[PDB]
Amino acid sequence: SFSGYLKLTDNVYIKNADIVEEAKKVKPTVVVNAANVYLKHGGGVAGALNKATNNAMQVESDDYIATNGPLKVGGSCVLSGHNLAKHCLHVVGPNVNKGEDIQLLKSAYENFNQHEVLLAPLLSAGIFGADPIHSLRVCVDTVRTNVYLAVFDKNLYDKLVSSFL
Ligand SMILES: CNC(=O)Cn1cnc2ccccc21
């Protein structure tokens with residue numbers, strides 16, 4: 001199972017780790033992707049997860065979009081986890097760099113409640129432009145299922161733990 005995680009609450013855990021390396025080691029039932037509405041996995045967590053699948057995640061995602069159209073900001077879809085997990089829960093957090101509504105972050109975290117345990121990044125953090133301290137607060141106040149957060153950046157991980165209320 002998951003190892004080396006710091007317990008924040010009854011159900012939220014955090015570790016300074018590369019989510020791709022974490023997924024390969026654990027092979028969780030669900031890995032969460034920080035997706036956009038088009039499932040275009042170009043950069044950040046999405047680009048890294050997709051590259052680990054040798055682009056199989058993008059091929060599957062393009063077929064999903066051709067059939068279903070784009071996701072909503074705050075929405076999600078369950079696709080294959082490929083070599084990383086049983087499933088990948090593609091969750092769209094608001095991208096504040098694309099002028100999207102930050103109040104949608106709670107809606108985005110609500111998707112995690114449909115899965116008993118997940119390996120996840122902080123939604124809307126990184127290249128999505130939101131404050132990761134705010135994202136962690138929304139996560140612990142929204143997610144009731146067991147979420148193992150992988151924070152890539154060591155300095156951000158320390159800031160998150162040392163400032164956690
Ligand atoms: C093998 N893994 C990678 O390519 C590392 N990597 C790149 N962007 C990232 C963003 C978040 C976490 C890990 C990330």
# chains A, B, ... in the order shown; residues from 1 in each chain; ligands from 1
$ residues_around --residues "residue 43 (chain A)" --least-positions-apart "3" --cutoff "12 Å" --atoms "only C-alpha atoms" --output "number ranges by chain"
A: 33-36, 39-40, 46-51, 126-128
$ residues_near_ligand --ligand "ligand 1" --cutoff "6 Å" --atoms "only C-alpha atoms and all ligand atoms" --output "PyMOL selection string"
chain A and resi 18-20+44-45+48+152
$ write_last_selection --atoms "N, CA, C and O atoms" --output "mmCIF file, in the first residue's frame"
data_model
loop_
_atom_site.group_PDB
_atom_site.id
_atom_site.type_symbol
_atom_site.label_atom_id
_atom_site.label_comp_id
_atom_site.auth_asym_id
_atom_site.auth_seq_id
_atom_site.Cartn_x
_atom_site.Cartn_y
_atom_site.Cartn_z
ATOM 1 N N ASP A 18 6.850 12.283 -6.724
ATOM 2 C CA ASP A 18 6.511 12.388 -8.116
ATOM 3 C C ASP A 18 5.317 11.438 -8.277
ATOM 4 O O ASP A 18 5.472 10.242 -8.059
ATOM 5 N N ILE A 19 4.143 11.958 -8.644
ATOM 6 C CA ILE A 19 2.936 11.150 -8.771
ATOM 7 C C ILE A 19 3.084 10.019 -9.795
ATOM 8 O O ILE A 19 2.472 8.984 -9.602
ATOM 9 N N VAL A 20 3.920 10.180 -10.849
ATOM 10 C CA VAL A 20 4.138 9.095 -11.818
ATOM 11 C C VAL A 20 4.900 7.975 -11.145
ATOM 12 O O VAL A 20 4.518 6.824 -11.291
ATOM 13 N N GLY A 44 2.391 19.793 -17.040
ATOM 14 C CA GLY A 44 2.104 19.549 -15.635
ATOM 15 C C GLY A 44 1.933 18.075 -15.325
ATOM 16 O O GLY A 44 2.545 17.216 -15.963
ATOM 17 N N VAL A 45 1.046 17.761 -14.370
ATOM 18 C CA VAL A 45 0.762 16.371 -14.023
ATOM 19 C C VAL A 45 0.222 15.596 -15.245
ATOM 20 O O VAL A 45 0.593 14.461 -15.444
ATOM 21 N N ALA A 48 2.963 14.637 -17.636
ATOM 22 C CA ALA A 48 3.812 13.627 -17.047
ATOM 23 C C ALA A 48 3.137 12.269 -16.999
ATOM 24 O O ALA A 48 3.771 11.258 -17.315
ATOM 25 N N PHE A 152 4.836 17.225 -5.889
ATOM 26 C CA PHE A 152 6.126 17.059 -6.562
ATOM 27 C C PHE A 152 7.245 17.915 -5.978
ATOM 28 O O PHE A 152 8.362 17.432 -5.735
#
$ residues_around --residues "region 69-82 of chain A" --least-positions-apart "6" --cutoff "9 Å" --atoms "only C-alpha atoms" --output "PyMOL selection string"
chain A and resi 27-31+35-39+53+56-57+60-61+88-95+100-101+104-111
$ closest_atom_pairs --of "region 1-89 of chain A" --to "region 153-162 of chain A" --cutoff "10 Å" --atoms "only C-alpha atoms" --output "Markdown table"
| residue | atom | partner | partner_atom | distance |
| --- | --- | --- | --- | --- |
| A:6 | CA | A:161 | CA | 8.6 |
| A:7 | CA | A:161 | CA | 9.9 |
| A:8 | CA | A:161 | CA | 8.2 |
| A:14 | CA | A:157 | CA | 8.3 |
| A:15 | CA | A:157 | CA | 7.4 |
| A:16 | CA | A:157 | CA | 5.8 |
| A:17 | CA | A:153 | CA | 7.8 |
| A:18 | CA | A:153 | CA | 8.4 |
$ select_by_dssp --residues "region 2-125 of chain A" --states "alpha helix (DSSP H)" --output "count of residues only"
37
$ atom_distance --atom1 "CA of residue 22 (chain A)" --atom2 "CA of residue 64 (chain A)"
25.7 Å
$ residues_around --residues "residue 129 (chain A)" --least-positions-apart "3" --cutoff "10 Å" --atoms "only C-alpha atoms" --output "list in words"
residues 94, 95, 96, 97, 98, 99, 102, 123, 124, 125, 126 and 132 of chain A
$ write_last_selection --atoms "C-alpha atoms" --output "short mmCIF file (atom, residue, chain, number, x, y, z; two decimals), in the first residue's frame"
data_model
loop_
_atom_site.label_atom_id
_atom_site.label_comp_id
_atom_site.auth_asym_id
_atom_site.auth_seq_id
_atom_site.Cartn_x
_atom_site.Cartn_y
_atom_site.Cartn_z
CA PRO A 94 -10.46 25.57 -12.62
CA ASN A 95 -7.43 27.04 -14.41
CA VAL A 96 -7.11 30.56 -12.93
CA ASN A 97 -4.45 31.32 -15.66
CA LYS A 98 -7.29 30.81 -18.25
CA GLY A 99 -9.60 33.07 -16.10
CA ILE A 102 -11.93 29.34 -8.46
CA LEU A 123 -6.21 20.27 -8.00
CA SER A 124 -5.71 23.64 -9.77
CA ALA A 125 -2.18 23.89 -8.29
CA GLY A 126 1.00 24.18 -10.46
CA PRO A 132 -1.83 25.25 -3.46
#
$ residues_around --residues "residue 116 (chain A)" --least-positions-apart "6" --cutoff "9 Å" --atoms "only C-alpha atoms" --output "PyMOL selection string"
chain A and resi 144-147
$ atom_distance --atom1 "CA of residue 130 (chain A)" --atom2 "CA of residue 163 (chain A)"
16.4 Å
$ decode --residues "region 115-139 of chain A" --atoms "N, CA and C atoms" --output "PDB file, in the first residue's frame"
ATOM      1  N   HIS A 115     -14.825   7.563  -5.123  1.00  0.00           N
ATOM      2  CA  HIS A 115     -13.813   6.529  -5.082  1.00  0.00           C
ATOM      3  C   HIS A 115     -13.320   6.373  -3.649  1.00  0.00           C
ATOM      4  N   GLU A 116     -13.276   5.137  -3.131  1.00  0.00           N
ATOM      5  CA  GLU A 116     -12.875   4.894  -1.744  1.00  0.00           C
ATOM      6  C   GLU A 116     -11.445   5.329  -1.441  1.00  0.00           C
ATOM      7  N   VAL A 117     -10.505   5.089  -2.369  1.00  0.00           N
ATOM      8  CA  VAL A 117      -9.132   5.509  -2.156  1.00  0.00           C
ATOM      9  C   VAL A 117      -8.528   6.016  -3.455  1.00  0.00           C
ATOM     10  N   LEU A 118      -7.765   7.122  -3.370  1.00  0.00           N
ATOM     11  CA  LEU A 118      -7.165   7.697  -4.576  1.00  0.00           C
ATOM     12  C   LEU A 118      -5.754   8.183  -4.310  1.00  0.00           C
ATOM     13  N   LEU A 119      -4.905   8.099  -5.340  1.00  0.00           N
ATOM     14  CA  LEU A 119      -3.603   8.753  -5.399  1.00  0.00           C
ATOM     15  C   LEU A 119      -3.889  10.038  -6.228  1.00  0.00           C
ATOM     16  N   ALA A 120      -3.570  11.227  -5.714  1.00  0.00           N
ATOM     17  CA  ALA A 120      -3.930  12.455  -6.409  1.00  0.00           C
ATOM     18  C   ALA A 120      -2.953  13.574  -6.282  1.00  0.00           C
ATOM     19  N   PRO A 121      -2.982  14.521  -7.233  1.00  0.00           N
ATOM     20  CA  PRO A 121      -2.256  15.776  -7.040  1.00  0.00           C
ATOM     21  C   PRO A 121      -3.221  16.822  -6.412  1.00  0.00           C
ATOM     22  N   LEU A 122      -2.697  17.987  -5.979  1.00  0.00           N
ATOM     23  CA  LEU A 122      -3.544  19.087  -5.540  1.00  0.00           C
ATOM     24  C   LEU A 122      -4.177  19.707  -6.784  1.00  0.00           C
ATOM     25  N   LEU A 123      -5.512  19.735  -6.834  1.00  0.00           N
ATOM     26  CA  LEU A 123      -6.207  20.270  -7.995  1.00  0.00           C
ATOM     27  C   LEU A 123      -6.009  21.768  -8.129  1.00  0.00           C
ATOM     28  N   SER A 124      -5.907  22.245  -9.382  1.00  0.00           N
ATOM     29  CA  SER A 124      -5.712  23.637  -9.768  1.00  0.00           C
ATOM     30  C   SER A 124      -4.378  24.224  -9.304  1.00  0.00           C
ATOM     31  N   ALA A 125      -3.500  23.423  -8.734  1.00  0.00           N
ATOM     32  CA  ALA A 125      -2.181  23.893  -8.293  1.00  0.00           C
ATOM     33  C   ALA A 125      -1.223  23.825  -9.556  1.00  0.00           C
ATOM     34  N   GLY A 126       0.035  24.211  -9.373  1.00  0.00           N
ATOM     35  CA  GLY A 126       0.998  24.182 -10.461  1.00  0.00           C
ATOM     36  C   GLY A 126       0.612  25.100 -11.585  1.00  0.00           C
ATOM     37  N   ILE A 127       0.699  24.567 -12.820  1.00  0.00           N
ATOM     38  CA  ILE A 127       0.431  25.357 -13.995  1.00  0.00           C
ATOM     39  C   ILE A 127      -1.044  25.796 -14.113  1.00  0.00           C
ATOM     40  N   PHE A 128      -1.960  25.268 -13.254  1.00  0.00           N
ATOM     41  CA  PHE A 128      -3.346  25.732 -13.232  1.00  0.00           C
ATOM     42  C   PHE A 128      -3.508  27.092 -12.487  1.00  0.00           C
ATOM     43  N   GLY A 129      -2.464  27.558 -11.800  1.00  0.00           N
ATOM     44  CA  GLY A 129      -2.445  28.899 -11.250  1.00  0.00           C
ATOM     45  C   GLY A 129      -3.041  29.192  -9.898  1.00  0.00           C
ATOM     46  N   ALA A 130      -3.716  28.227  -9.287  1.00  0.00           N
ATOM     47  CA  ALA A 130      -4.335  28.481  -7.983  1.00  0.00           C
ATOM     48  C   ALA A 130      -3.315  28.383  -6.845  1.00  0.00           C
ATOM     49  N   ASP A 131      -3.661  28.928  -5.677  1.00  0.00           N
ATOM     50  CA  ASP A 131      -2.804  28.833  -4.507  1.00  0.00           C
ATOM     51  C   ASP A 131      -2.900  27.394  -3.973  1.00  0.00           C
ATOM     52  N   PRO A 132      -1.784  26.645  -3.948  1.00  0.00           N
ATOM     53  CA  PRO A 132      -1.831  25.254  -3.456  1.00  0.00           C
ATOM     54  C   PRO A 132      -2.262  25.127  -1.988  1.00  0.00           C
ATOM     55  N   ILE A 133      -1.991  26.150  -1.159  1.00  0.00           N
ATOM     56  CA  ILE A 133      -2.443  26.130   0.235  1.00  0.00           C
ATOM     57  C   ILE A 133      -3.991  26.145   0.257  1.00  0.00           C
ATOM     58  N   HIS A 134      -4.593  26.986  -0.595  1.00  0.00           N
ATOM     59  CA  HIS A 134      -6.046  27.009  -0.745  1.00  0.00           C
ATOM     60  C   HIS A 134      -6.559  25.637  -1.263  1.00  0.00           C
ATOM     61  N   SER A 135      -5.906  25.067  -2.298  1.00  0.00           N
ATOM     62  CA  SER A 135      -6.299  23.770  -2.833  1.00  0.00           C
ATOM     63  C   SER A 135      -6.304  22.663  -1.773  1.00  0.00           C
ATOM     64  N   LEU A 136      -5.275  22.628  -0.909  1.00  0.00           N
ATOM     65  CA  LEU A 136      -5.215  21.629   0.153  1.00  0.00           C
ATOM     66  C   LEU A 136      -6.355  21.814   1.160  1.00  0.00           C
ATOM     67  N   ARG A 137      -6.702  23.057   1.462  1.00  0.00           N
ATOM     68  CA  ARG A 137      -7.781  23.396   2.402  1.00  0.00           C
ATOM     69  C   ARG A 137      -9.098  22.908   1.804  1.00  0.00           C
ATOM     70  N   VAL A 138      -9.332  23.206   0.515  1.00  0.00           N
ATOM     71  CA  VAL A 138     -10.553  22.736  -0.156  1.00  0.00           C
ATOM     72  C   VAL A 138     -10.600  21.204  -0.193  1.00  0.00           C
ATOM     73  N   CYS A 139      -9.475  20.553  -0.467  1.00  0.00           N
ATOM     74  CA  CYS A 139      -9.396  19.105  -0.452  1.00  0.00           C
ATOM     75  C   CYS A 139      -9.826  18.509   0.907  1.00  0.00           C
TER      76      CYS A 139
END
